[PDB]
Amino acid sequence: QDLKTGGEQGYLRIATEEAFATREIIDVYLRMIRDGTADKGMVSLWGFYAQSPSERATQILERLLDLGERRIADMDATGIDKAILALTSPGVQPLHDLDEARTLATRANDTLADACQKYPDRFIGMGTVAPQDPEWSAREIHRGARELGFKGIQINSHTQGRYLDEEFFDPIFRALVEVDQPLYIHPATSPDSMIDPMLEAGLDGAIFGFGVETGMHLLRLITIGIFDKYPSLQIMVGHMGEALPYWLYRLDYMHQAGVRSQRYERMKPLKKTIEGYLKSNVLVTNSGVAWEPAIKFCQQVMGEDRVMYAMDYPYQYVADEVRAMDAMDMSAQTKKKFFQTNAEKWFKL
Amino acid sequence: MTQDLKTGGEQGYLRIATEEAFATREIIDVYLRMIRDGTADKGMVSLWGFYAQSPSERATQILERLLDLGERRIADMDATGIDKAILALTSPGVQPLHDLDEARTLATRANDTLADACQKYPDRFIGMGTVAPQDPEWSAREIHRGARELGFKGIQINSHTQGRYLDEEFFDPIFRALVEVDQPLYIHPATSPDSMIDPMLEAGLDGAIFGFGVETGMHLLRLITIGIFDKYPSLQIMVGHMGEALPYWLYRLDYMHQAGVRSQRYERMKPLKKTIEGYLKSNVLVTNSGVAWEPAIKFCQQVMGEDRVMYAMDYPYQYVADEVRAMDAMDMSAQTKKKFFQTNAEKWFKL
Ligand SMILES: [Ca+2]
Ligand SMILES: [Ca+2]
Ligand SMILES: [Cl-]
Ligand SMILES: [Cl-]
Ligand SMILES: [Cl-]
Ligand SMILES: [Cl-]
Ligand SMILES: [Cl-]
Ligand SMILES: [Cl-]
Ligand SMILES: [Cl-]
Ligand SMILES: [Cl-]
Ligand SMILES: [Cl-]
Ligand SMILES: [Cl-]
């Protein structure tokens, strides 16, 4: 049952959706909860992770904060060769003070780069940005790529209730295409405009609301035509595609109906079907979904080259999940793509 | 290869379509009244402002077919080889109506209208009752009236009622009644309530494309996590659109449900007697309305059991002869295909 690094089983295990935190940013969340400027999602999510005495919450916070020996030990213990790291949701996106947001993002990016310099064979970085300032975010995308060795950026879904399909956010996509790097749209809690019915049932987080928020965000980017404007752009999402691959037949059928009937101002003709974009511009990881039928379904729909392994450490750190993935009824060749070579291609490792 | 889609079961199965819609003119007129007077919620403005007033080819044909409960509907069924249709008043029914007497009156008339049509075409039309969850005790009486007097086989509730969900204790009499008559509840989509709709509406995603699945999947999930099936172990809830993504999310649902329960994170997420997977296998039933897509059907048959997945057309919102032809030609055993088109529905609706 021992899980080992080194690839002796035929592939490296590259985990592509792995989280860290900085104490000063967590402290901002606590400040916002204390002063009443935190949104309902931040109260729910970070009220829990930063303050709950539960074993799950306390271990997640300890592990999030570590970018050294302890993290490496946890990777070694589960045979994870490399982890692609990003500042944990929601990043600096909810912060009202632009100067504070840019300062703390800069610090989090420098901290991550330092950690990758210490463990260059184990840690790979994705930058964090502050979409409330799109041109600054463009500057930081360039700095991450040029100076910090990062492989792309992670945006934690909406920024203060606004979505990346607005023309306002264009400089972010412009810069991503300039540096030729992927965008990972990671979940966040829904904004206050949407969260209420999920919050009241305890469904606002990873169990449901994360998938709603993130699937909605990817879908609206597809339907605004982001991939016609930027045909080279790759967007990555976790959690087996936030249900979009399973909804695909219905997405394309209803999208076509809406386009033809002129029902909506922001749903005009696209050069490809939604299926077409999934095959050429969208990439999926299995974070949180260590489940062979769903993985195989997604591989069939999108292509086995477009589906990657992710652990979602430390929110879902489970050695038996790694064992289950190693044991799937897949060819050695498919397994190697899923664990290793797809990530090497798409993140340009 | 034939373009022929014939009634009569010569393929080896009847085609029983399990999520089919009709409208009444007087109820559509109430939606228009609410839109005009500003009492319609954003979902109604979006959905019914579209279907009742759009000049689009798609909307105009939909409205005509919805209103027919006779020879045209039968001809449309005959032309696509549909033997039987299970009919329900189209979403959101009378659920958004603030006047309780008007809601009960209009639901009663819609139920009586549907029952008359089923009596006229008894080998073709099967009815599901509509109710007014704003009044759960009246709704319970109407579930009984539909079962005993009108020959209905269950009820369809169009997800939320004025922003409230069925997991509230207030709605319990509806569940007591369903268990008493031993009939299934079909939770059909509706637009999200005003508390949730805004970001989807802006992007044109509030309807069938996405918001329907968000609203309905959320509603089913919150009923499972409140423990509805521990309270009422016999209760069957049906949903369409391949389970509103829940079967695909199952591993994540169970993992994060356990994490929530164990960490005592939320008041309304307490221990359940079965896993979410367990409830899908014993208490939830799925149709493929709007999802004429073999990989998704087969996935759902694997997760839930092939006995628990039924064919539905979603007429007239999705009336596509080519979809019936695709379903007929799936790489599925004759036995499984017959369960999917016919015998599962015969069992679960007690046809
Ligand atoms: Ca994550
Ligand atoms: Ca329907
Ligand atoms: Cl600077
Ligand atoms: Cl815009
Ligand atoms: Cl969560
Ligand atoms: Cl088209
Ligand atoms: Cl295409
Ligand atoms: Cl008849
Ligand atoms: Cl309650
Ligand atoms: Cl719709
Ligand atoms: Cl019971
Ligand atoms: Cl715990």
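Residue numbers start from 1 in every chain, and the chains themselves are labelled A, B, ... in the order their sequence lines are given, proteins ahead of strands. Side chains included, hydrogens not; waters and symmetry mates left out as well; all remaining heavy atoms used.
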Donor-acceptor pair, side chain of B/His160 and main chain of B/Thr191, under 3.5 angstrom: yes
CG-CD1 distance between A/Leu251 and A/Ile222, expressed to the nearest 0.5 angstrom: 8.0 Å
Under 3.5 Å donor-acceptor, B/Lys84 side chain and B/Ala17 backbone: no
Donor-acceptor pair, side chain of A/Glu242 and main chain of A/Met216, under 3.5 angstrom: no
Closest contact, heavy atoms only, B/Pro193 versus B/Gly163: CB-CA, 3.7 Å
Pairwise side-chain contact, B/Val239 with B/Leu246, heavy-atom cut-off 4.5 Å (strictly under): no
Pairwise side-chain contact, B/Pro189 with B/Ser159, heavy-atom cut-off 4.5 Å (strictly under): no
Heavy-atom side-chain proximity of B/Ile174 to B/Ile157 below 4.5 angstrom: yes
Chi angles and distances behind the salt bridge (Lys or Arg N to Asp or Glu O under 4.0 Å) call for B/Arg25, B/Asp29: CA-CA 6 Å; B/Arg25 183 70 255 183; B/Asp29 288 348; 2.8 Å; yes
Nearest-0.5 Å distance that lies between atom CD in B/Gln61 and atom CG in B/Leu66: 11.0 Å
B/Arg72 CZ: over 12 foreign heavy atoms closer than 6.0 Å: yes
N/O donor-acceptor pair under 3.5 Å between B/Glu19 side chain and B/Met313 backbone: no
Neighbour count >12 (heavy atoms, 6.0 Å) for atom NZ, B/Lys120: no
Pair A/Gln132, A/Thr159: side-chain N/O donor-acceptor within cut-off below 3.5 Å: no
Derivation and outcome, side chain to side chain contact (heavy atoms under 4.5 Å, CB included), residues A/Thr214 and A/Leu218: CA-CA 6 Å; A/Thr214 313; A/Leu218 177 57; 5.8 Å; no
Polar side-chain atom of B/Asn283 near backbone of B/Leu235 as donor-acceptor pair, under 3.5 Å: yes
Taking every non-hydrogen atom, the tightest pair across A/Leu270 and A/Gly225: CD2-CA, 3.7 Å
Whether B/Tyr315 and B/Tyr319 hold their rings parallel, tilted or perpendicular, with breakpoints at 30° and 60°: perpendicular
A/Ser44 side chain vs A/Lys40 backbone, donor-acceptor pair below 3.5 Å: no
Side-chain (A/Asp252) to main-chain (A/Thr273) donor-acceptor, under 3.5 angstrom: no
Test salt bridge (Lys or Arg N to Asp or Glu O under 4.0 Å) applied to B/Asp83 and B/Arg124, step by step: CA-CA 6 Å; B/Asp83 295 291; B/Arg124 310 303 301 283; 5.6 Å; no
B/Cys300 side chain near A/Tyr246 side chain, heavy-atom distance below 4.5 Å: yes
Side-chain donor or acceptor of B/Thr18 paired with backbone N/O of B/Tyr311 under 3.5 Å: yes
Flag side-chain contact, heavy atom, 4.5 Å: B/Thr130 against B/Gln156: no
Donor-acceptor contact present, side-chain B/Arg308 to main-chain B/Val284, <3.5 Å: yes
B/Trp293 six-ring face occupied by A/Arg250 cation (under 6.0 Å, within 45°): no
Shortest non-hydrogen contact between B/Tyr186 and B/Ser289, atoms and distance: OH-OG, 4.2 Å
Straight-line distance of A/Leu203 CG to B/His257 NE2, nearest 0.5 Å: 9.0 Å
Residues A/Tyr264 and B/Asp206: side-chain donor-acceptor under 3.5 angstrom: yes
Side chain proximity check, B/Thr90 to B/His188, heavy atoms < 4.5 angstrom: no
Test side chain to side chain donor-acceptor pair (under 3.5 Å) applied to B/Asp230 and B/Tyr279, step by step: CA-CA 9 Å; B/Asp230 292 346; B/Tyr279 297 114; 2.6 Å; yes
Side chain to side chain, B/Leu185 and B/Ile187, heavy atoms closer than 4.5 Å: yes
N/O donor-acceptor pair under 3.5 Å between B/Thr80 side chain and B/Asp76 backbone: yes
Donor-acceptor side-chain pairing of B/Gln183 and B/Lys350 below 3.5 angstrom: no
B/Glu102, CD atom: more than 12 neighbouring heavy atoms under 6.0 Å: yes
Atom CZ of B/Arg109: over 12 foreign heavy atoms under 6.0 Å: no
Parallel, tilted or perpendicular: ring planes of B/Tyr31 versus B/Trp48, cut at 30 and 60 degrees: tilted
B/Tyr121 versus B/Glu71, side-chain donor and acceptor atoms under 3.5 Å: no
Point-to-point distance, once rounded to the nearest 0.5 Å, from CG of B/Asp194 to OG of A/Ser193: 12.0 Å
Atom pair OG1/CG of B/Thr24 and B/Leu114 - distance to nearest 0.5 Å: 11.0 Å
Audit row: A/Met194, A/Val212, side chain to side chain contact (heavy atoms under 4.5 Å, CB included) steps and yes/no: CA-CA 10 Å; A/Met194 185 156 181; A/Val212 173; 3.6 Å; yes
Check: B/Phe349 and B/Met238 side chains under 4.5 Å, non-hydrogen atoms: yes
Side-chain donor-acceptor contact under 3.5 Å, B/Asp314 with B/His241: yes
Verdict with reasoning, B/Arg65 to B/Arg73, per side chain to side chain contact (heavy atoms under 4.5 Å, CB included): CA-CA 7 Å; B/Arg65 288 172 167 143; B/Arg73 177 175 297 256; 5.7 Å; no
Separation between CZ of B/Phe152 and CE of B/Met128, rounded to the nearest 0.5 Å: 10.0 Å
Intermediate values then yes/no, side chain to side chain contact (heavy atoms under 4.5 Å, CB included), B/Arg58 and A/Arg260: CA-CA 9 Å; B/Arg58 180 178 188 262; A/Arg260 292 177 177 207; over 6 Å; no
Over-ring placement of A/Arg162 relative to A/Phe168, 6.0 Å and 45° cut-offs: yes
Pair B/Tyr317 + B/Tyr51: ring centers closer than 6.0 Å: yes
Closest non-hydrogen atom pair between B/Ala312 and B/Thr287, with its separation: CB-OG1, 3.6 Å
Trace of the side chain to side chain donor-acceptor pair (under 3.5 Å) decision for B/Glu215 with B/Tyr165: CA-CA 10 Å; B/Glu215 164 63 21; B/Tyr165 294 87; 2.7 Å; yes
Full working for salt bridge (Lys or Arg N to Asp or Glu O under 4.0 Å) between B/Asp167 and B/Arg222: CA-CA 7 Å; B/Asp167 55 286; B/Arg222 70 201 286 153; 2.8 Å; yes
Pairing of B/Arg145 and B/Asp112 as salt bridge, 4.0 angstrom limit: yes
